[PDB]
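Visitor: Chains as they are written, first to last, in the entry's author numbering: chain P, 2 to 207; chain R, 35 to 254; chain G, 2 to 89, 95 to 97; chain k, 3 to 160, 167 to 229, 231 to 397; chain f, 2 to 82; chain a, 1 to 87.
All residues carry an ideal CB built from backbone N, CA and C; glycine is no exception.
Here it is, the structure, as structure tokens.
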Amino acid sequence: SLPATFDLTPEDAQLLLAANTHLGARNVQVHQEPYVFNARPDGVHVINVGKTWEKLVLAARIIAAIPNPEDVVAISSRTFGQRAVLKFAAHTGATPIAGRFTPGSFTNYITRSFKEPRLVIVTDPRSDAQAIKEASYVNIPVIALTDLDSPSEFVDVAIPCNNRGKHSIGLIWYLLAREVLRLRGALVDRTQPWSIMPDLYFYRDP
Amino acid sequence: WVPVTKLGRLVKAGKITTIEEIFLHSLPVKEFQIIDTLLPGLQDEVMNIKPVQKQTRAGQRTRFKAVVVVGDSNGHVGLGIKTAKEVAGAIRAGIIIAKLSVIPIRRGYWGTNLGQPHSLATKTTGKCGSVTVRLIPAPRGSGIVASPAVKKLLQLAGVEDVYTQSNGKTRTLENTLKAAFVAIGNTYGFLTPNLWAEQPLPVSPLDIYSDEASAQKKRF
Amino acid sequence: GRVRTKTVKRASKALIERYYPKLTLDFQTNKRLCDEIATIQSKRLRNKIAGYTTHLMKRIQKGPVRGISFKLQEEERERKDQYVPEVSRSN
Amino acid sequence: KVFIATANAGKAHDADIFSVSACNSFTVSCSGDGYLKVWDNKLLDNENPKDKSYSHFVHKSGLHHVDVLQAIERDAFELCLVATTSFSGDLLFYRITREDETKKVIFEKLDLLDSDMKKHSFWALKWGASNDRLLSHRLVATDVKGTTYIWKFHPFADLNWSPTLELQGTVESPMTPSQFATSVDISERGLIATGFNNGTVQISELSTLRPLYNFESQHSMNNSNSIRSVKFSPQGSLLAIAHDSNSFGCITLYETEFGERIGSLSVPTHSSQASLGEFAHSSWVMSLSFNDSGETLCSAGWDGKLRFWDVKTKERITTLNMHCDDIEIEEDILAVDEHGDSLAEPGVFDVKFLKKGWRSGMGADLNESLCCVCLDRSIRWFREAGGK
Amino acid sequence: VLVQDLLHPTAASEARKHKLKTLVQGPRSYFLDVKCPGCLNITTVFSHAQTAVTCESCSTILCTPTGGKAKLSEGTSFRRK
Amino acid sequence: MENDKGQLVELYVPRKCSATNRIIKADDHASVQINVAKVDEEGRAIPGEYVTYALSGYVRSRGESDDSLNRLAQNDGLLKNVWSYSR
RNA sequence: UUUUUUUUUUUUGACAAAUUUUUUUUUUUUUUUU
């Protein structure tokens, strides 16, 4: 097991709250996933956050286990998460796939978009289903920042988050980046919170 | 040659030795040269070619369609199908596809446990279209009891003694042979008693030396 | 009718991508610039290319066109949206 | 553009550090005192490399050249081979392996070659890392006579450990009388660049042991004609050489087929006294090194300044003075005092590129890494780019 | 789903389910002891009605029958015994 | 598999799914091999030292790899909570 | 301010019988003398 220092600290929790990551789904939590900390009156289901943190920690712990860091792929057709995935790509070794996916990015060369990833990470499995399905055919694990109502086909280590609002995705990706720096890298865990403000991530406006 | 894909490099640089290894970690073969390099003895067999006609405003696109079965007599075979506007090309690409999609065969004993396997391990069925193909373990000195195509496929497969039992419209070598391929394939995908012990799950050669044989650059 | 073809359009686009310095929004200057800048076979084709470049430049000035990017447009990356101090966390 | 510093280990050896090769896990460092010292590349950012240093006294005369080879062949056998030649001219091989739990580096010595061949006085050498072009790996070595020895190295031989060095060939001396072979290099394409002490560079193809062609000195007159460091671009045919004049440093570049020249690297203007001699460094160029990506070329001079040269541009990218503090601004020119040398007088020995992320930190995998060694014995490590 | 324990589930995910499709079948019908308005003494009554029950001694209405649970008329206290 | 004189054959013994214990045959390309890192003090990576988890293509297709993986991670020893044996 | 708005439709029957098509692996030079 991991040390006690790699747990959900108060400030991190506060940050998570500020975003509204814990906000789940209006219509349904699909029984695929049991990540609910009792529903709110006249609204959505609340997510067990600690669980989410633990999942993130795993995801990072899997990302670090991959030898070459640039064969991680950050999938994003979601306009909200494009800048996020770019920033994450810049920070980690990982390569980005912003905007349109273009089928056969994993299946079969000749195309220039042919990348052969060891691991794939996704923003949303609903909007980027083509990516996931492609990942099915060529032996790739998938790590999607899942919603509760959104589906769960072929997704491993699903991180239960809000993926509706701006302040959520950029946050999760940022956290992941921080973790993968804490693992395998320079930054100390407890003494250094890291002063790269999550305002760096998030969508454009305009 | 000049291989694309990560496997292509590994096979080229002499990292991956056997096809067994690839089979273990279940990595998808996209270049036909890989398997050729791995397994040299592999020989082809054009079972059947038939013409097929796309009817059109003017006349007919009479394109051919060849079924090629490749394999060596040591538990590896591959069925390949291809259509083309000429026969040669069709046969060629059929061989290609066949090499690409090779499968291993869990071949074992009838009952007695003596020097080297001879028949199939378990009773396997494969279906394709209307055709079903049940392959059954047979004792020593039984031989291949099947129709010509299937017989040939099994001769290539490296199976000595075997009973077969089919159903449906067998006059369509395509579907029959496909079913056979499926069935021989499903020999491994079937739980035996001797394979109940827990293995430690070895790490892939694609995982181990990724960095030392990744997609290179060197512009000059 | 008067629709510009593939080799005129694509090549024009390519030119704008790797020659944004120069290519001022006048036809005649571009016309000779094209003869200098790259080998073109016929006169007609060259002229067409020049015209399309002129058109493109004319419509680059008003806003950033989707498809083309010529390194001058790049800069907005780290300094993309640290934009608009609203002027007069909790609570 | 700019190269940020990761760390620097001061007072490494007793005598001068001559050569410094690198691999996936660690940088090997030879020296004049007689120790072989490996230094860990996997460092935790805020740490002195002395903490992960492992010494091994090999020969009292000292070690001027050393070369490393880290690779896998059968399943997952982490073959790390360190070969070295002492000041006595004695060839020694060492396989480097760590313990399972403790992680203590065990310097297991190897005597693969017989005593008849170890007798010969060697100098420079290099490992040609094969990729199934040869069945196993390749090795080259120079000597006092110029009879450049080449070995078809086999680590396995029916899989179980059984290392042998079968002799590929011996490319004899270029001219009679002979010349002292100063430097050597081998490429993946299969060419043997042999450097000599009179500005001569003998190029030999690997297959038939035949000389393809050779260059001569640019200087026709002595004012330091000798070759410093022959080097190849990894895949491509571009071939890099370094020679001097009367106390200067000059880089020269050629193509690997026709032998047509392409560019002498230089810097002009007034502080070099107008400058008839268009030279690269104000003092001798002690080391050259291509990066693993191909384009861009490093060059270390005795004057202190690491000049970086883009081979596409045929012009300097940037300088970096290793010994003395000279960052930020750069009014770039060769300092030529009327006596002879520049006013800058440090002692550089060697420089070397490392692949995109063999280090660990913020400057790791994002960027490539840079290694270098000095006369004061303060071995250094530098990150690159600074844009990630 | 896939892998779970059905021997010890939760009271949360069992009290919700039907009487017949629990692990051990059991009714959802406690017994109640009503204190009537007239008399001071109790009346032991089953929570579900079926018939319209009146009091033991001073015969007046206690609980009327409905589609399910008994309709206890007016202000009358009760227990779960 | 072992013939008369012991002596193992049956070229290549295949993997098993960590969840279902179903055989991961060659052509099953939907199947996955997760590789997880083992940490030390101050977390950190430790390169070349992993814990593997093989998952069948079928389960992924069905869309309940998540849960079983969570279980696998919990009972082995790299989490608390997350998965629940009593649903 | 779920929100605009639409109007219809003849007659044309037939065409003699027989009448295309099929194969598998791939490969080109010339020149004596001192």
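Three or more beta-carbon pairs under 8 angstroms between the stretch 189-206 of chain P and the stretch 69-77 of chain P, yes or no?
Guide: no
Visitor: Thinking C-beta only, is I218/R closer than 8 angstroms to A191/R?
Guide: Along the second sequence, one-based indexing puts residue 191/R at 157. Along the second sequence, one-based indexing puts residue 218/R at 184. Between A191/R and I218/R, the CB-CB gap stays under 8 angstroms.
Visitor: Can you find a C-beta in chain P that's less than 8 angstroms from the C-beta of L61/R?
Guide: For the purposes of this step, residue 61/R is taken as the residue at position 27 of the second sequence. Closer than 8 angstroms to the CB of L61/R there is at least one CB belonging to chain P.
Visitor: Tell me the DSSP secondary structure of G171/P in three-state form.
Guide: Here residue 171/P refers to the residue found at position 170 of the first sequence. Note: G171/P maps to helix in three-state DSSP.
Visitor: Does any C-beta atom of chain R lie closer than 8 angstroms to the C-beta of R119/P?
Guide: As a working mapping, residue 119/P is identified with position 118 in the first sequence. Yes - at least one Cβ of chain R is within 8 angstroms of the one on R119/P.
Visitor: Please report the residue range of the alpha helix (DSSP H) in which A155/R lies.
Guide: Within the second sequence, the letter at position 121 stands for residue 155/R. Segment: none, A155/R is in no alpha helix (DSSP H) and carries neither H nor E.
Visitor: Might you give, ordered along the chain, the residues of its own chain that have their beta carbon closer than 6 angstroms to the beta carbon of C82/k, omitting 5 neighbours on each side?
Guide: Walking along the fourth sequence from the start, residue 82/k turns up at place 80. Correct list, in chain order: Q72, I98.
Visitor: Within 10 angstroms of its Cβ, does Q187/k collect 16 or more other Cβ (buried), or is it exposed?
Guide: Position 179 of the fourth sequence, counted from the start, is the residue given in the question as residue 187/k. Residue burial annotation: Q187/k is buried, with at least 16 other C-beta atoms found within 10 angstroms of its C-beta.
Visitor: At the 8 angstroms Cβ level, is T52/a part of the contact set with chain R, yes or no?
Guide: Within the sixth sequence, numbered from 1, the residue matching residue 52/a stands at position 52. Yes, contact with chain R.
Visitor: Distance cutoff 8 angstroms, beta carbons only. Does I170/R sit that close to anything in chain k?
Guide: Stepping through the second sequence from its first residue, residue 170/R is reached at position 136. Taking CB atoms only, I170/R has no neighbour in chain k less than 8 angstroms away.
Visitor: Can you tell me the Cα-Cα spacing of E55/R and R11/G, whole angstroms?
Guide: On the second sequence, residue 55/R is found 21 positions in, with the first residue counted as 1. On the third sequence, residue 11/G is found 10 positions in, with the first residue counted as 1. Using only the alpha carbons, I get a separation of about 47 angstroms.
Visitor: Can you name, in chain order, every residue of its own chain whose Cβ lies under 6 angstroms from the Cβ of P171/R, other than the five neighbours on each side?
Guide: In the second sequence, residue 171/R corresponds to position 137, counting from 1. These residues qualify, in order along the chain: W144, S153, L154.
Visitor: Confirm the yes/no value for this check: CB of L45/k, any heavy atom of the ligand GTP, distance under 7 angstroms.
Guide: Questions concerning the ligand GTP fall outside what the structure shown contains, since it holds no ligand whatsoever.
Visitor: In the DSSP assignment, find the unbroken beta strand (DSSP E) run with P171/k in it and report its ends.
Guide: Translated into the one-based positions of the fourth sequence, residue 171/k becomes position 163. Run containing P171/k: 169-179, per the beta strand (DSSP E) assignment.
Visitor: DSSP three-state label for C35/G, please.
Guide: Counted from its first residue, the third sequence places residue 35/G at position 34. The answer is helix: DSSP assigns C35/G an H, G or I state.
Visitor: What residues in the stretch 31-44 of chain f bring their beta carbon closer than 8 angstroms to a beta carbon of chain a?
Guide: none
Visitor: Any idea what DSSP makes of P219/k, helix, strand or coil?
Guide: Here residue 219/k is taken as the residue at index 211 of the fourth sequence, counted from 1. Strand at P219/k.
Visitor: Considering only the beta carbon of each residue, do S27/k and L65/k sit closer than 8 angstroms?
Guide: Taking the fourth sequence and counting its residues from 1, the one referred to as residue 27/k is at position 25. Taking the fourth sequence and counting its residues from 1, the one referred to as residue 65/k is at position 63. Going by C-beta atoms, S27/k is not nearer than 8 angstroms to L65/k.
Visitor: Which residues does DSSP list as the beta-bridge partners of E2/a?
Guide: If you number the sixth sequence from 1, residue 2/a lands on position 2. Paired residue(s): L8/a.
Visitor: What's the call for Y85/a, buried or exposed, on a 16-neighbour Cβ count within 10 Å?
Guide: In the sixth sequence, residue 85/a corresponds to position 85, counting from 1. Counting the other Cβ atoms within 10 Å of the Cβ of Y85/a gives fewer than 16, which makes it exposed.
Visitor: Looking at the structure shown, is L57/P part of a helix, part of a strand, or coil, going by DSSP?
Guide: Position 56 of the first sequence, counted from the start, is the residue given in the question as residue 57/P. If DSSP states are grouped into helix, strand and coil, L57/P belongs with the helices.
Visitor: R44/a CB to nearest chain f CB: under 8 angstroms?
Guide: Sequence index remark: in the sixth sequence, residue 44/a carries index 44 (1-based). It does not; no Cβ of chain f falls within 8 angstroms.
Visitor: Taking a cut of 7 angstroms between CB atoms, which residues from the stretch 232-246 of chain R lie near chain k?
Guide: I242, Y243, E246
Visitor: Taking 8 angstroms as the threshold (C-beta atoms), are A289/k and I260/k in contact?
Guide: Taking the fourth sequence and counting its residues from 1, the one referred to as residue 260/k is at position 251. Taking the fourth sequence and counting its residues from 1, the one referred to as residue 289/k is at position 280. Yes, they are a contact pair.
Visitor: Taking contact to mean at least 3 C-beta pairs separated by less than 8 angstroms, is the stretch 127-140 of chain P in contact with the stretch 150-157 of chain P?
Guide: Three or more beta-carbon pairs separated by less than 8 angstroms link the stretch 127-140 of chain P to the stretch 150-157 of chain P, which places the two stretches in contact.
Visitor: By the three-class DSSP mapping on this structure, what secondary structure does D385/k have?
Guide: Counting from one through the fourth sequence, the residue named residue 385/k turns up at place 376. In this structure, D385/k counts as coil in the three-state DSSP scheme.
Visitor: Grouping DSSP H, G and I as helix and E and B as strand, with all else coil, what is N39/P?
Guide: By 1-based counting over the first sequence, the position of residue 39/P is 38. Reduced to three states, the DSSP call for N39/P is strand.
Visitor: Assuming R101/P and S78/P form a contact by the criterion Cβ under 8 angstroms, report the distance between their Cβ atoms to the nearest whole angstrom.
Guide: Mapped onto the first sequence, residue 101/P falls at position 100. Mapped onto the first sequence, residue 78/P falls at position 77. Between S78/P and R101/P the Cβ distance is about 7 angstroms, and since that is below 8 angstroms, they are a contact.
Visitor: Quick check on this structure: which residue in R191/P, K88/P, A14/P has the alpha carbon closest to the alpha carbon of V50/P?
Guide: Residue mapping note: residue 50/P aligns to position 49 of the first sequence, counting from 1. Between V50/P and the set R191/P, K88/P, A14/P, the nearest pair of CA atoms involves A14/P.
Visitor: What residue from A50/f, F79/f, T23/f has the CA that sits closest to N42/f's CA?
Guide: Against the fifth sequence, residue 42/f aligns to sequence position 41. Ranking the options by Cα distance to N42/f, first place goes to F79/f.
Visitor: For chain R, is any of its Cβ atoms less than 8 angstroms away from the one on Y110/P?
Guide: By one-based count along the first sequence, residue 110/P stands at place 109. By this cut-off, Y110/P is an interface position.
Visitor: DSSP has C32/k in a bridge; who is on the other side?
Guide: Translated into positions along the fourth sequence, residue 32/k becomes position 30. When beta bridges are read from the DSSP output, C32/k appears opposite no residue.
Visitor: I'd like to confirm the pairing. Which residues does DSSP put opposite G105/R in its beta bridges?
Guide: In the second sequence, counting from the first residue as 1, residue 105/R sits at position 71. In DSSP, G105/R forms a bridge with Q77/R, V111/R.
Visitor: With a threshold of 8 angstroms, are at least 3 pairs of Cβ atoms found where one atom belongs to the stretch 238-251 of chain k and the other to the stretch 196-205 of chain k?
Guide: yes
Visitor: Straight-line CA distance for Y58/a to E34/P?
Guide: Within the sixth sequence, residue 58/a is the residue found at index 58, counting from 1. Within the first sequence, residue 34/P is the residue found at index 33, counting from 1. Near 18 angstroms, if we compare the C-alpha coordinates of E34/P and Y58/a.
Visitor: Using 8 angstroms as the cut-off, can you tell me whether the stretch 89-107 of chain P makes contact with the stretch 167-179 of chain P, which would need three or more C-beta pairs spanning the two stretches below that distance?
Guide: yes
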